[PDB]
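> Please work out how this folds:
(chains A, B, C, D, E, F, G, H and I)
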Amino acid sequence: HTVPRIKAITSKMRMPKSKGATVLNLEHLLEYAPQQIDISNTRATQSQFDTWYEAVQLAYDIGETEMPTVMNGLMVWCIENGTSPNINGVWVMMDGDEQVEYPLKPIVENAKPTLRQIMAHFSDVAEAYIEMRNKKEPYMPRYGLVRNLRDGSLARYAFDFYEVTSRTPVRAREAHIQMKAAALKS
Amino acid sequence: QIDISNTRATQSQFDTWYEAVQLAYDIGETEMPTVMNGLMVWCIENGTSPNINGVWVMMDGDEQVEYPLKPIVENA
Amino acid sequence: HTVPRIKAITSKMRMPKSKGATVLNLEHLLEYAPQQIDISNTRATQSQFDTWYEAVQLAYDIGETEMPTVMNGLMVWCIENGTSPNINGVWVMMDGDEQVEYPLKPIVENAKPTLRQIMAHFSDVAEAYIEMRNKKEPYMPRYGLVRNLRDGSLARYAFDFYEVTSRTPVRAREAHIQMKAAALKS
Amino acid sequence: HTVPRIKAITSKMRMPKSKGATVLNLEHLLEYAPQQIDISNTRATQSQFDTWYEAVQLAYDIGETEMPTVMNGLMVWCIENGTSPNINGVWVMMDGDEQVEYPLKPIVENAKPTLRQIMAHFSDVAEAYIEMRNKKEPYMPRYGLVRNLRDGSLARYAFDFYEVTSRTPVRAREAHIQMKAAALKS
RNA sequence: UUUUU
RNA sequence: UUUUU
RNA sequence: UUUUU
RNA sequence: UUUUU
RNA sequence: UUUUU
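Residues are numbered from 1 along each chain as shown, chains lettered A, B, ... in the order given. Here you go:
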């Protein structure tokens, strides 16, 4: 009489078995819903990110409360300039009309496995920041200018450490693939 | 078709790998299937090349737990 | 009833967190609006520029009031001739119909990290100066002639130390990319 | 139900055993976290450093309070000039515009196993000092000039007694390897 | 910049 | 990033 | 995976 | 078959 | 390890 429903994982499906015992736990698998970025190797683990954050905070001898401002400045600077392992010298923050420099050693030396993977944690906020800045003036990150990005509307994706995810425009995905290929090309 | 395909590890090889990875983690019979769920999802996201090294990640809710990748690749 | 607005940075966005504490300061990030050229590594820092300016002023034994004229002349000379680290000898100013030479050592030796990055601070004024000079006669900087720039309308961008920014024509950006590639090519 | 964690040192690992008894103490090994430079033979032991410091202080008949200034001067002088066992004569400090010389015998004779290994204790402070000096003028240590170091940004690593550690740039590591090979080459 | 006989 | 004289 | 300054 | 991180 | 003045 009633219309019969179907289970997400069908009852009769070939399953990995060891010693004639199912190797997976379906009860947990159905409820296991980890975000794509939390189980990606292209992004530094939470432990690695915490280690790097603590190391950089200790290197600058900066307190807990002041560190987030430094992190805002570092994210913006990385948005402008690449996050390669080779960057050296000092990165710059603007305290209004005054320029303050911080050493880049602590950031690159403690960033494991890479500074790009560490900054991947800031990818969404970098997107939002570029969106905000573009709402008030033409703000193409310098990485996009180096790559000769002509779209202009792709500025929000045109930084070195952008983490490509499932919920990104296909246009943005293709643009970033092309940009990475061009940058890696000698 | 999949039980007589060389593109798929034999049942004996799969059992050997499963036992080796279970022994490497010092994990019991009951807890291993959860680790296998996490490993399958991680492999779904990231490739299954012989070169993958470091740690693969499971999510115990909002907490990230890492397991060494050596036992998985060396015994496979 | 009323149409509901949306925040620039959405409330529910993945954020970098260390020890279950947000790593960024949104209050400051929203108000953090640093110019693109003030946080660019392709441009010498303000401290480095001040150090170079002071060093060059002291080398010439020139006063505070007379230095800006020397800087005008140096900017024009760099517009004509490249800003490579190799330039040696004397650069030239015109005191009317009289030619006065200044040693190039102090300019190149004190210019850190590079003379190009130091002259990047003069990029906008160089643009304006080339515009002005072109309004009265054909004035293509010698760097554009060496690069065989045929457009003519791109003269305003055809100098060695032009700082490419977000608000530059796409035509100018492509032209300068091609010119830099040609110059670096052996 | 819960996701099972793993121990840093797995329970079932082959261990060195003598007479069927584990030779290592895991409890202490897990907590044993000695800095890399504190267990390196390329650096004089703390006892050797104390012996050398006491010997040099006694040779100069200088008090406890005045010795650190002499040590600052000696570190800077060693930064400029090499720390070979052959250096003889007097090393120089600047008391403003006045030059004061100290005999080099006490420093080299009491420095065991080598003066380079003794000065390795000053490596980090030498790095910082070169960084500071470079922030105000081009300051390449004379050892870098003798080695013909062209990078300029590597000045902070371009002294004889630099102690290569895990947290040093790969660029700096390669540069110092090349510099040491060139210096040792006849 | 030099290197155009 | 540098390498455009 | 890394390699995008 | 392997080689897809 | 030493050998870098």
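
> Surely residue A:28 forms part of a strand?
No. Read with DSSP: H, G, I helix; E, B strand; the rest coil, residue A:28 is helix and lies in no strand.

> isn't it right next to residue B:40, touching?
No. Taking contacts as Cβ atoms under 8 Å, residue A:28 lies outside contact range of residue B:40: 11.4 Å. In short, each C-beta sits where N, CA and C put it, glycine included.

> As a check, name the ranges of all helices in chain A.
Using DSSP state H, the helices found in chain A span residues A:26-31, A:46-60, A:67-80, A:105-110, A:115-119, A:123-134, A:142-146, A:170-184.

> how far off strand B:64-68 does the second one point, in degrees?
Angle between the axes of helix A:46-60 and strand B:64-68 is 100 degrees (criterion: axes from the mean of the first three to the mean of the last three Cα atoms, to 10 degrees).

> List the buried residues of helix A:46-60.
Buried residues in helix A:46-60, counted by 16 or more other Cβ atoms under 10 Å in any protein chain shown: A:46, A:48-53, A:55-57, A:59.

> So which bits of chain A are right by RNA strand E?
With the criterion set to Cβ under 7 Å from any atom of the strand, chain A never comes near RNA strand E.

> Quick check, central residue of chain A?
Centroid-nearest residue in chain A: residue A:120, 1.9 Å away (criterion: Cα atoms, centre = their mean).

> Neighbours of the residue of chain A found nearest RNA strand E, how many?
Proximity of chain A to RNA strand E (Cβ to the nearest atom of the strand) peaks at residue A:186, 23.6 Å away. As a burial measure, residue A:186 scores 2 neighbours (other Cβ atoms under 10 Å in any protein chain shown).

> With residue A:127 instead?
Per other Cβ under 10 Å, the neighbour tally for residue A:127 reads 21.

> Leaving out the residues flanking it, which one is nearest to it?
Leaving aside its chain neighbours, residue A:127 sits nearest to residue A:156 (5.1 Å; criterion: Cβ to Cβ, 6 or more residues apart in numbering or on different chains).

> Quick one: residues contacting the one you found.
Neighbouring residues of residue A:156 by Cβ atoms under 8 Å, 6 or more residues apart in numbering or on different chains: A:127, A:130-131, A:134, A:172.

> number of nearby residues for residue A:173?
By other Cβ under 10 Å, the burial measure for residue A:173, its neighbour count, is 14.

> let me fix that: residue A:126
Using other Cβ under 10 Å, residue A:126 has 23 neighbouring residues.

> quick one: contacts for the closest residue in space to it that isn't next to it in sequence?
In space, and not counting its chain neighbours, residue A:126 is closest to residue A:79: 5.1 Å by Cβ to Cβ, 6+ apart. By Cβ under 8 Å, 6+ apart, the contact list for residue A:79 reads A:126, A:129-130, A:141, A:143, A:159.

> quick one: which of these is nearest chain B?
The nearest member of the contacts of residue A:79 to chain B, counting by Cβ to the nearest Cβ, is residue A:126 at 21.5 Å.

> interface residues of chain A facing chain D?
Listed as neighbours of chain D in chain A under the rule Cβ under 8 Å from any Cβ of the partner chain: A:28, A:85-86, A:88-89, A:103, A:105, A:108-110.

> restrict those to contacts with chain C.
Okay, of these touching chain C (Cβ under 8 Å from any Cβ), that's residue A:89.

> tell me, which of the residues of chain A next to chain D make contact with RNA strand G?
Contacts with RNA strand G within the residues of chain A next to chain D, counted by Cβ under 7 Å from any atom of the strand: A:85-86.

> would you list the residues of chain A next to chain D in TSV and tack on neighbour count?
Listed next are the residues of chain A next to chain D as TSV, based on neighbours: other Cβ atoms under 10 Å in any protein chain shown:
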residue	neighbour count
A:28	16
A:85	15
A:86	10
A:88	19
A:89	15
A:103	16
A:105	20
A:108	21
A:109	20
A:110	20
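
> which of the residues of chain A next to chain D sit farthest apart?
A:28 and A:89 (48.7 Å; Cβ to Cβ).

> mind listing what the residue of chain A found nearest RNA strand H touches?
Residue nearest to RNA strand H within chain A (Cβ to the nearest atom of the strand): residue A:41, separated by 5.1 Å. By Cβ under 8 Å, 6+ apart, the contact list for residue A:41 reads B:46, B:52, B:54, B:56.

> how about JSON lines for those, with distance to RNA strand F added?
Below are the contacts of residue A:41 laid out as JSON lines (distance: Cβ to the nearest atom of the strand, whole Å):
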{"residue": "B:46", "distance to RNA strand F": "29"}
{"residue": "B:52", "distance to RNA strand F": "29"}
{"residue": "B:54", "distance to RNA strand F": "28"}
{"residue": "B:56", "distance to RNA strand F": "33"}
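
> which one of the residues you listed sits closest to chain A?
Nearest to chain A among these: residue B:46, at 4.9 Å, using Cβ to the nearest Cβ.

> coming back round to it: give me the distance between the residue nearest to the centre of chain A and RNA strand G.
8 Å (Cβ to the nearest atom of the strand, to the nearest Å).

> Check residue A:137 too.
Note on residue A:137: its distance to RNA strand G, by Cβ to the nearest atom of the strand, is 22 Å.

> count of neighbours near that residue?
Residue A:137 has 11 nearby residues by other Cβ under 10 Å.

> And for residue A:5?
Neighbouring residues of residue A:5 were enumerated by other Cβ under 10 Å; the total is 5.

> Let me see the contact set for it.
Neighbour list for residue A:5: empty [criterion: Cβ under 8 Å, 6+ apart].

> Indicate the residue of chain A located nearest to chain D.
Of all residues in chain A, the one sitting closest to chain D is residue A:109 (4.6 Å; Cβ to the nearest Cβ).

> Does residue A:166 touch residue A:37 like I think?
No. The pair residue A:166 / residue A:37 is not scored as a contact, 9.5 Å apart, by Cβ under 8 Å.

> Next, show the common contact partners of the two.
Joint contacts of residue A:166 and residue A:37 (Cβ under 8 Å, 6+ apart) do not exist.

> between those two, which one's more packed in?
residue A:37 (17 against 8).

> With adjacent residues omitted, what lies nearest to the more buried one?
Residue A:37 sits nearest to residue A:43 (Cβ to Cβ, 6+ apart), 5.7 Å away.

> Equivalent analysis for residue A:92, please.
Nearest non-adjacent residue to residue A:92, counting by Cβ to Cβ, 6+ apart: residue C:39, 4.9 Å away.

> and the residue of chain A nearest RNA strand G?
Distance from RNA strand G to each residue of chain A (Cβ to the nearest atom of the strand) is smallest for residue A:82, at 2.6 Å.

> Can you report how many residues lie near that residue?
Other residues within reach of residue A:82, judged by other Cβ under 10 Å, total 21.

> wait, it sits on residue A:143?
Yes. When contacts are counted by Cβ under 8 Å, residue A:82 is listed as touching residue A:143 (6.1 Å).

> who in chain A is up against RNA strand G?
Within chain A, the residues that sit near RNA strand G (Cβ under 7 Å from any atom of the strand) are A:41-42, A:81-82, A:84-87, A:113-117, A:142-143, A:146, A:160, A:179-180, A:183-184.

> so how many other residues sit close to residue A:24?
18.

> just residue A:158 next, same as before
Each residue near residue A:158 was counted by other Cβ under 10 Å, and the total is 24.

> just residue A:78 next, same as before
Neighbourhood size, residue A:78 [other Cβ under 10 Å]: 25.

> Not counting sequence-adjacent ones, nearest residue to it?
Of all residues not flanking residue A:78 in the chain, residue A:119 sits nearest, at 5.2 Å (Cβ to Cβ, 6+ apart).

> what sits against the one you found?
A:75, A:78, A:83, A:160-161.

> Please report how far it lies from RNA strand I.
Counting by Cβ to the nearest atom of the strand, the separation of residue A:119 from RNA strand I is 35 Å.
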